[PDB]
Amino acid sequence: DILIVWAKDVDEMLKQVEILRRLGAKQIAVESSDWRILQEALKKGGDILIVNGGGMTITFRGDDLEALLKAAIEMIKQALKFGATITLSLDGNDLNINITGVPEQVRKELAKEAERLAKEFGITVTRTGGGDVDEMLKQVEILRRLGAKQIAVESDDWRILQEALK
């Protein structure tokens, strides 16, 4: 079997991999949309790299944790209406919202609603993951040239990302 560490933070990733290595895990894969986490996973001896090229992460930032929640609520209602799977975690002043299981048209709508909500509630929003096909080709080659022998690519929607196979 393979154990896959879904990693959102480089230091969280390193701790999780070491915890599993300590207990004798022989096949550790690290999964991220963050190229930095994948490069650090590779240096620390991750057996498989999984490039997550699908979904979307919306991060609301602000010292008013109430205002982050109120924006996150409107995103959640919108995302659930579109049939999304939504994962939420509060990491300091960052409310992290991962959205999967929706097509590109819905990704674009939820990104614009996230930007609107940020201004309405007077907070900051950053969007990551589901980057362009050229960037994925470029960064996957960088992983290979760094010595990555085992790369998998993951998406909930291959209708655009199929361009990467041509």
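All residue numbers refer to positions in the sequence shown, first residue = 1.
Visitor: Tell me which of 14-22 and 143-151 has the higher mean C-alpha B-factor in the deposited entry.
Guide: Averaged over C-alpha atoms, the B-factors run higher in 14-22.
Visitor: Looking at the entry, does 94-102 or 39-47 show the higher mean C-alpha B-factor?
Guide: 39-47 has the higher mean C-alpha B-factor.
Visitor: Checking the entry, which one of 109, 134, 64, 31 has the top C-alpha B factor?
Guide: By C-alpha B-factor in the record, 64 ranks first.
Visitor: Split the chain's modelled residues into thirds by Cα B-factor; is residue 4 in the lowest, middle or highest one?
Guide: Lowest third.
Visitor: Compare the C-alpha B factor of residue 58 with those of the other modelled residues in its chain, then answer lowest, middle or highest third.
Guide: It belongs to the middle third of the chain when residues are ordered by C-alpha B-factor.
Visitor: Thinking about Cα B factors across the chain, which third does residue 138 belong to?
Guide: Lowest third.
Visitor: Going by the CA temperature factor in the PDB record, which third of the chain does residue 88 belong to: lowest, middle or highest?
Guide: It belongs to the lowest third of the chain when residues are ordered by C-alpha B-factor.
Visitor: What third of the chain does residue 80 rank in for C-alpha temperature factor, lowest, middle or highest?
Guide: Answer is lowest: the recorded C-alpha B-factor places it there.
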